[PDB]
Structure formats: structure tokens, C-alpha cells
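Below you will find one chain, with nothing else, as C-alpha cells; this is the form deposited in one PDB entry, and questions on how it binds or moves follow later.
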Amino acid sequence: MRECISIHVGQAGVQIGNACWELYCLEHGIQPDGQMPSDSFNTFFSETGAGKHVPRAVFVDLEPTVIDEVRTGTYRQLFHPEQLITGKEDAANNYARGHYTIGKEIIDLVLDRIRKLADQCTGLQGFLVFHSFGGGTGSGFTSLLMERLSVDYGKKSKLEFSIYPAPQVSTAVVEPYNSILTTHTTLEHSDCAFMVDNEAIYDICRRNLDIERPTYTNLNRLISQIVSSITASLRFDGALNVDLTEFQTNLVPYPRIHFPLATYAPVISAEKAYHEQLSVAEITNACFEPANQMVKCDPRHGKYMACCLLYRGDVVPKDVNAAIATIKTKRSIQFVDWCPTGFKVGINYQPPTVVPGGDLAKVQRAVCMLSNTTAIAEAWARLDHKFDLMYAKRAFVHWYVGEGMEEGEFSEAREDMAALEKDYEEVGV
């Protein structure tokens, strides 16, 4: 058994962290008090003499209001007080403030509390980092944390769960700056990053769940399902993606191109009284629909470098192969010339767990497709354009420079993103 430490940074990371661990507890049969009347799950949960199952997680925010909801919440007994770290004042949507100014005053405390968790590990695999691109803390502090983690734990793999900003879901005007700034700094320290576009989850919640104006709870519960499908292989016995290393090996050919696209199916409204259960072929076909992707883009106009299929539920290997073989002769799936046109398949026999009273209906079978497509570069292009619009006038720059950051960092970060777009283009045809 090899352990995994989850790190939740800023409001987005913390709130999503809440949704994930709520789900993890439901899947493993762990009550909020920590007791488990019923190993692979020990990778995410430590055990006390009392039989309490404690999440191997760290919550960090530069202001206390978000984490305070955890300290007083349903799962207040689940986490050790040390795991919940809060500062006085936040980064004010300022990357520089979160990274340089405030980050310096709390980084040592965070690393020390993380060290506590690392000493409880017989063989730490690495870290799972949850954060937003837009927040001053989510962008600024995360990148600093990732840098220090690479120093203190060089040999440990680091995975990211990033929240891509969207105007439909409460963004600030400066969030394109923070997104580029954090991607640049974190790029060399992240082995594999799963971007989650708030616009895509917003639309999935409106389309499939019939929620006119989705809340953070609606969004996070949907995100948690995807995150759970990604980490299920680490928490259950699963011959595929058994360790953090396999994620890079199976999905990341080139170090810089470490942004796999996630696609989930099926998403059924719980209010839908009458619904027939979808077959293995039907949910597999839904993996190739842009509407079911976590990031808004067109894989039809890109090339695949890797593809992995993560099934959960009543899924027989026979039906999976029959579906894959059929899909290849009907769909337009273009792989890169230098890569094997194939699929890595993983099956978890326990069906997806859903939050009681949630918006998501219980299904017999579901699948999460992780595909490294050059089409995800569309998200970088959209983000880089917004950066260019503001940076051309040097709008809002004075705020970052005021925090100790140099003007050069902006251009340095943008040039790195420009190189990243070029890399995706070269890798196509």
C-alpha cells in the first residue's frame, strides 16, 4: 500500500475538496464521525486506535470564512484540526499577493503540517492539488506550494485538479492574469493536470440536470463524480492507474503536454422519474460527445496521444470490447502518427455512488474517459487572448507589481503559454 496526500488551496479547492471527501466517505462506507463498520482505501484514509478513518488531506486558505464552514460542518469530526489551516486576510484575486506577499507568511506552516501527514506514510506516492486558476490564493499560493513540494519531495508525483475560469460562474476580470501566471510557474512542477472548465459544468448542469442557475454545490457535486472516477483506481483494486506514476506514463507523452481531457457519462437528473439504464455501448459513445466534456473544445479537430476508459458498475469486459471495436469504425478518432491507436480500459465493479438528496440519479454503469487531445489547446487560446487584451494596455498590472512581482514575469509567463500553444500545434499533423 502506497499513500496519497490531497491538498486543497483557496475557496474553490476547499469547497471541491468538501464535495470529494463527502463522496469518498459514501463510497467506502465511512460515516462523517470517521467510523467505518466494514487496504486500498488506506491510500486516502489513515486509521486511529479508536477506529476513526482520517482523510490524508490538508485544507489551506488565506482567510478563514471558507474553511470555517468545514470546522462547523457535517464533517467537522472527520478532519484533524491541524489539517485545517487559515490565514487572516486573502490574496484579493491577486496572484502576486497570494504567491509573494501573503504566501511567505504561511508557506512554512503549511509545509510543516503536510510533513506531519508525510511521516504517517509508509510509502508516499505524492500529492493531489485542488485549486482555481482565478483566485489569488488558488493561483498564487498553489504555484509557491508546488515549487516547495518539488524541493522537499523531489521524487514524489504531483497531480492537479484545476478550475478553469468562466464568466458564467463568478469570475473576476483579473482571473486571465492569475491563470497564465500560475500555469507558467506550476508547469514544470506538475506531472499531470486535470482542467475543469466552469462553463462546461455549468452547461452540463443546465442541460442534463435542468438547473437554470447552478450553485457551487451543484457544480462541486458534479466535479466530485469526475474526480472520484479519476481517483477510484487509487482507492479500490484497479490494475489500471494503480499509482500516481501511471497517470503520466499512460496519458502524458511529452512533459509540457500534461493536460488530459475528461469526459463523463451518463449524467441523469434525479428528478427524472422514468429512465431506462444505458448500455455499455451507449455510455461509451457518449464519451465522444463534446457536450459531456469537462473542457469546452472540439476533439474532432485535434489528435489523440492517449486514451483511457474508466468504467464503474455492471460492466462486463465482453460489452466494453464490443463497444470500442464498433466505435472505431463509426467515429472519427484521429491518433498521432507516433502513437498506438488503442485504449487502456479499467473496470471497477461497484457502481457510482451518489449523494442522497443530490441532483444526480443513481446509475447501473458509468464511464470516465481520460484523453490527451491537442484540442484542449483551444482553452489556452481563449485564455491567452483575454490576457493579451488587457496586457496590451497594461490594465491592472500596477496591482501585481505593487506586491513585489516584476513586469517581466507577465511577459515571461505569456511567452511560455505562447510556446505551449505552439507545442500543441506541432504535435497535431
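Counting begins at 1, following the sequence as shown. Residues that one form lacks are left out of the comparison. Superpose the two forms; the largest set of C-alphas matching within 1.5 Å is the rigid core.
Although it is not shown, the form deposited in another entry is what the next lines describe.
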Report summary line: After a rigid core superposition between this form and the one not shown, the exception among 290, 358, 238, 253, its Cα shifting by 2 Å or more, is 238
Query raised in the report: Cα of residue 151 displaced 2 Å or more between this form and the one not shown, core superposed?
Result: no
Query raised in the report: Once you line up the core, how about residue 273: does its CA shift reach 2 Å between this form and the one not shown?
Result: yes
Report task. Given a change of 3 Å or more, say if the Cα atoms of residue 308 and residue 240 sit closer or farther in the other entry than in this form. Result -> farther
Query raised in the report: Relative to the form shown here, do the C-alpha atoms of residue 247 and residue 345 sit closer together or farther apart in the other entry, given a change of 3 Å or more?
Result: closer
Query raised in the report: Given a rigid core superposition, which stretches of at least 3 residues have all Cα atoms displaced by 2 Å or more between this form and the one not shown?
Result: 238-248, 270-275
